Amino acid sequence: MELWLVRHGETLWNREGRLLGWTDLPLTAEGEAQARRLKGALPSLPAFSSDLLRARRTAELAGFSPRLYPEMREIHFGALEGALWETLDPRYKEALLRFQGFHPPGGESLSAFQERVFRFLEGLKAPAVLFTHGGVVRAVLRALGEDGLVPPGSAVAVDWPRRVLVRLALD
């Protein structure tokens, strides 16, 4: 199933290097610029989006009117929300780097996050554009055997659950 996943435009915590999960930050000026550049670069297909501000706004500026689903949200970092990556405990850094065995206090485990994301994707019965988060795109790309890191405001098209089709970044 052809699905286009879009990583929302940048927020302040991107340049600051802080874990951004359910903390509802707005897009930066550059983040909005990135979203605008997406208009005309994404296919005209039904759209869905995380209900968090940064995702919704990216969808809006990209020219879409998506149905909102909390299931498309970034992972909930719990007590680690806003934590500087730099000073994160080595065990947490490793868990996030290797994308496994991560369960922050008051948050969501990576395994629960994956189940949520993949269950949502399974429910899509036709091609669609999905405005979401870095961690969601990463989970999908990693499951397809590829490095899951993509720039803010960029997109990746996949034939779920078989292969990556294309990665699109704009300047």
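Throughout, we count residues from 1 along the sequence that is shown.
**Q** Read off the CA B-factors in the entry, average them over 35-43 and over 65-73, and name the higher stretch.
**A** For C-alpha atoms only, the mean B-factor is higher in 35-43.
**Q** Higher mean Cα B-factor in the deposited model: 22-30 or 111-119?
**A** If you average the C-alpha B-factors of 22-30 and of 111-119, the larger mean comes out for 22-30.
**Q** Just to confirm, going by the entry's C-alpha B-factors, which of 164, 1, 5, 169 comes out highest?
**A** Of 164, 1, 5, 169, 169 has the highest C-alpha B-factor.
**Q** Using the entry's values, work out which of 54, 142, 103, 133 has the largest Cα B factor.
**A** Within the set 54, 142, 103, 133, 103 shows the top C-alpha B-factor.
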